[PDB]
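An overview of the molecular structure
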Amino acid sequence: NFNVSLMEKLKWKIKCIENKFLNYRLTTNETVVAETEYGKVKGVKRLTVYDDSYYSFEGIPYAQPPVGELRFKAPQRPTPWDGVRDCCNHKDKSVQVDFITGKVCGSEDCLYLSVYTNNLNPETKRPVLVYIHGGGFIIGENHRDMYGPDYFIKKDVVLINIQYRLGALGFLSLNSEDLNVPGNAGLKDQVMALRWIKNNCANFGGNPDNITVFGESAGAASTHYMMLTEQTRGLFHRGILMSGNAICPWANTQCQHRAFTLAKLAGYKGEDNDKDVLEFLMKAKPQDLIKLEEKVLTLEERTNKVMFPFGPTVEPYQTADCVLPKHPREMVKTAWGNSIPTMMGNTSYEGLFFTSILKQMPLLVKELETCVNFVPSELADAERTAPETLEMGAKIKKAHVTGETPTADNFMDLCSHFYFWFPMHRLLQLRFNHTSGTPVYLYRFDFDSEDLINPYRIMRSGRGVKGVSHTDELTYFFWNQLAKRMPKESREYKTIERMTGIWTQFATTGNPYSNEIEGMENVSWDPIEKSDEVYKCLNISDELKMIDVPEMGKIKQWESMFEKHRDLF
C-alpha cells in the first residue's frame, strides 16, 4: 500500500551499497569474548561517525530457530554450545515484505538479539535499555542500518535490540486446543528475549535490577504488553511507550478465522478445519505465506479500520506460556507494570504519516462527512448506520473538521487521535484506577528537520513534507544508513543529545528530568496525576518547554462518545 517510487528505490539501492563500505570502515580489528549462560560469544569493537567506539555482539540466540514443527509455536529455550559463537555479524530479519523494494526478505531463523556497550567492564553495573522495534508486527529488524546504537553508546548504558517473529509466522492463532497454536508467538518471543536479558545482561556490564524496556509504535504496544502480562512480572523496572500502547485499535485483533483465509489464498482445498488448515500452512514456503498476507483482510474489515490480519490476540485457551489471556483493557486492571515508572509520548502530527495513502485514495477524505468509520468499534453498530453511531461520528467530526467540507489535513489530524492520542488517554485514565501511585511522565515530540531523516520517511514518501510525523523521532535515537555526521552545533545534533539524554536519565532513575541536559534549565517536569483535568507534557522542539497537551480539547471530545457507555471507556 505504501508504494515507493522507482527514483527512491534506486537511491535506496545505492545507499545500501554505500553503507556496506561505511560499515567496513567502521569495523575495527579488536574482537572480544563474553560469557553467557549458554556459552561464549565473540563480539567486535566498532566506531561511529562521531569517533566514539563500542562493543558489538549481534546474532545472540535467545530461542531455538522456530522452524519445522516449531513453526507457529511458542519459542523453545536455545541449546547451549561449547566453543565460541561468532557474534561479529548480524543475522537474518524475520520473514517480511521489504518496506521499500516490495519483495519478500528475511528468514524463519530470526530469534536473535544484539547487545551494545562502550565498556564491557564498567566500575558500576549500568542501566540496561531494551529496544523493541515497531513495524505493525509485520516489518522490522535489529539491523544497525536501521537501528544503530551509535548515539546511545555515547552514554554509559547497555543497549539491547531484539527481534521477534512477525506477521502470520508470529501471530497465527487457532481455536483448537489440541494444535497448540493459541497465538502471540511473537510476543512470547519477546518474553523469552527479556528473560535472556535479565539473566545475561550482567555479563556485559549491565545491572539486572535496572532494566528499561522501550519501543515505538508496534514496539510501544509490545513494551506495554510486556508490562501487562504476568509472564514478565518484575523482570524490568521502567517502561517507555513511544507513539503507541496495547489499547490502540491497531494493536490487537481477533484473527482466529484468518488462518483459513490465508490458507485459501495459498491454494488450500478442503473444509475450514483448524487441523487441516494448520498442516497446509506448516508445509507452505514461508515467503509464500508472507507475500499473501496483504490480501487477507476483507473489504469490510478494512473499512472498519482493521489494519493488519495477524497481530496480538486474546488467546482462546490457556497454556503455560500464555501472554494475553484477556483483552488488554481487562489486563490493565491487574498489570504488574502499572507499578513501575512509565514515560509515554507522541509526535505533534502523528497522522501526517498517512500523506501518501490519502494521495493514492483521495476518496478516504469523504469518510469525514459523517466520521462513522472512526467511531470506536466497541460502540459502533455493524453497518455504522445506527442513530447513536451517527451522533458519535458527529462528535468526531466537530473535533477535526475545520470548514464546511473535510480536508486531507483534517483526516490526518483525526488519524493522530484515532490511532494514538485517544488510546493514550483511555490507558492513562484506566491505569489511574489500578496503580500503586508510581509516576507517569508525558512528552510530545515536536522537532522537525529535513536535514537528518530515517528510512520510514522514504517508506511513507514523506521527503520534503513539513511536520513531525509518526516515526520522525527515531532519527534522534538511532543511527541509520541515511544518516550523516552532524555538526555539534546543529539543532539536529542537539536533539540527538537531548533525546538519548532524557531516555538515559529516565532509564537510570525513573525520572526523566536532569539539569545536566542542555535546555532543561527552566523545566519542571511533573508526572500526570489522577486528579489532573488537563495533561501536561514536555514539548520537545528547538526548545524544551512544559505545556498543556495541545491535543487535550479534542481528546475530551472523543471521550464524550462514551457518555452513555462509561463502562466501555
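Residues numbered from 1 in each chain as written, not as in the entry; some residues may be left out. Heavy atoms only, no water. Residues with missing side-chain atoms left out of burial classes, pairs and counts.

As documented in the archive entry, the model was determined using X-ray crystallography at 1.804 Å resolution.

1. Considerations on the packing of helix α3 (residues 185–200) against helix α4 (residues 218–228)
The interhelical angle for the contact between α3 and α4, taken along N-to-C directions, is 70°, at an axis separation of 10 Å. Classified by the angle between their axes, α3 and α4 sit roughly perpendicular to one another. Considering the relative orientation of α3 and α4, their crossing is right-handed. In contact with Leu 187, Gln 190, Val 191 and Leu 194 of α3, α4 contributes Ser 222, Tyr 225 and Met 226. (Axes fitted to C-alpha atoms, helices over the stretch in contact; angles between N-to-C directions. Helix = DSSP H or I, 4+ residues; strand = E, 2+ residues; numbered from the N terminus. Parallel < 35°, antiparallel > 145°, perpendicular 65-115°, else oblique. Left-handed = near helix turned anticlockwise from the far one by under 90°. Contact = heavy atoms within 4.5 Å.)

2. A short note on helix α6 (residues 274–283)
Buried within α6 we find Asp 274, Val 277, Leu 278, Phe 280 and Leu 281. Seen from one end, α6 has its buried residues packed into an arc of 165°, which puts them on one side. Along its buried surface, α6 packs onto α5 (258–265) and α7 (286–292). Between a side-chain oxygen at the N-terminus of α6 and the backbone nitrogen of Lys 275 the separation is 3.1 Å; the capping residue is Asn 273. (Buried < 20%, exposed > 50% of the residue type's maximum accessible area, 1.4 Å probe, protein only. Arc of directions from axis to C-beta. Polar contact = N/O pair within 3.5 Å; in protein donor to acceptor, adjacent residues only side chain to side chain.)

3. A word on the packing of α5 against α6
A pair of packed helices is captured by two measures, namely the crossing angle of their axes and the spacing between those axes. Closest axis-to-axis distance for the α5/α6 pair is 10 Å, and the angle between their directions is 50°. With respect to each other, α5 and α6 are oriented oblique. The way α5 lies across α6 gives a crossing that is left-handed. When α5 is examined against α6, the residues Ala 259, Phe 260, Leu 262 and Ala 263 are found in contact with a partner set consisting of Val 277, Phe 280 and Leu 281.

4. Things to note about the UniProt feature "domain: Carboxylesterase type B" (unreviewed entry) in the chain
The positions that UniProt labels "domain: Carboxylesterase type B" (unreviewed entry) are, in the present scheme, residues 33–546. Between the end C-alpha atoms of residues 33–546 the distance is 45 Å, and the span holds 26% helix and 16% strand. (UniProt positions renumbered as here; feature names shortened; annotations may be inferred.)

5. A look at unusual backbone geometry
If you check the backbone angles, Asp 51 has positive phi at about 65° while not being a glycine. Structurally, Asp 51 can be placed in the loop between β2 (40–47) and β3 (53–61). On the basis of relative accessible area, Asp 51 is assigned to the exposed category, the value being 62%. At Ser 461, a position not held by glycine, the phi torsion is positive, near 45°. Position of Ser 461 relative to the elements: it lies in the loop between α13 (455–459) and α14 (491–509).

6. Some points on the state of the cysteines
In total, this model carries 0 disulfides according to the counting rule given. For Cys 201, which is in no disulfide, the shortest distance to another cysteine sulfur is to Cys 87 and amounts to 16 Å. Under the relative-accessibility criterion, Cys 201 is labelled buried at 1%. (Disulfide = S-S within 2.5 Å.)

7. Examining the pattern of salt bridges
Tallied over the full model, the rule gives 30 salt bridges. Close ionic contact of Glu 551 with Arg 444 constitutes a salt bridge, the shortest N to O distance being 2.9 Å. Of this pair, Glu 551 sits in the loop between β15 (544–548) and α15 (552–559) while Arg 444 is found in strand β13 (residues 440–445), placing the two residues 107 residues apart along the sequence. Accessibility classification places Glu 551 together with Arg 444 in one group, the buried group. A salt bridge links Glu 518 to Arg 498; the nearest nitrogen and oxygen atoms lie 3.9 Å apart. Of this pair, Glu 518 sits in the loop between α14 and β14 (536–540) while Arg 498 sits in helix α14, and the two are 20 residues apart along the sequence. Assessed through its relative accessible area of 38%, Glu 518 is described here as partly exposed. Because the salt bridges share partners, they merge into one network encompassing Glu 450, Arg 457, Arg 460 and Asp 472. (Salt bridge = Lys/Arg side-chain N within 4 Å of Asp/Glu carboxyl O.)

8. Some words on the pairing of strand β11 (residues 238–242)
Among the 5 residues that make up β11, 5 are buried, leaving the element largely enclosed by the rest of the structure. Side chains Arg 238, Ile 240 and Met 242 project from β11 onto one buried face, and the interleaved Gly 239 and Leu 241 project onto a second face that is buried too. Inspection of the sheet shows strand β10 (residues 206–216) paired to β11 by 5 bridges, in the parallel sense. By the bridge assignment for β11, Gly 215 is matched with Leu 241. Each parallel crossover has a hand, and the one from β10 via α4 to β11 is right-handed. Where β11 and strand β12 (residues 342–347) come together, 4 bridges link them in parallel fashion. The residue of β12 that forms the bridge with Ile 240 is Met 343. (Pairing = 2+ DSSP bridges. Right-handed = clockwise from strand over helix to strand, strands pointing away.)

9. Let's talk about the packing of aromatic side chains
A complete count under the given rule lists 40 aromatic pairs for this structure. Considering the side-chain rings of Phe 354 and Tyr 419, the 5.2 Å spacing of their centres and the 25° angle between planes classify their relative orientation as stacked. Placement of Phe 354 in the loop between β12 and α10 (355–360) and of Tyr 419 in helix α12 (residues 408–432) is noted, with a sequence separation of 65 residues between them. With relative accessibility at 15%, the residue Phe 354 sits in the buried group. The positively charged end of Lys 20 is found above the aromatic ring belonging to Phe 21, 3.9 Å away from the centroid. A cation over an aromatic ring shows up here: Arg 85 above the ring of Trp 81, its NZ or CZ 4.9 Å from the ring centre. (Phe/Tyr/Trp six-rings, centres within 6.5 Å; stacked < 30°, edge-to-face > 60°. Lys NZ or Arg CZ within 6 Å of the ring centre and 35° of its normal.)

10. Description of the pairing of β13
With respect to burial, β13 is a largely interior element, 6 of its 6 residues being buried. Side chains of β13 alternate between two faces, with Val 440, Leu 442 and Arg 444 and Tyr 441, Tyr 443 and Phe 445 buried alike. For β12 and β13, the ladder comprises 6 bridges, and the chain directions are parallel. Its bridge partner being in β13, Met 343 is matched across the sheet by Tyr 441. Of the pairings in the sheet, the one linking β13 to β14 comprises 3 bridges and is parallel in character. Counterpart to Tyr 443 in the pairing with β14 is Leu 538.

11. Topic: the environment of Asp 448
As for its placement among the helices and strands, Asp 448 is situated in the loop between β13 and α13. There is a polar contact of 2.8 Å between the side chain of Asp 448 and the backbone nitrogen of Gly 467.

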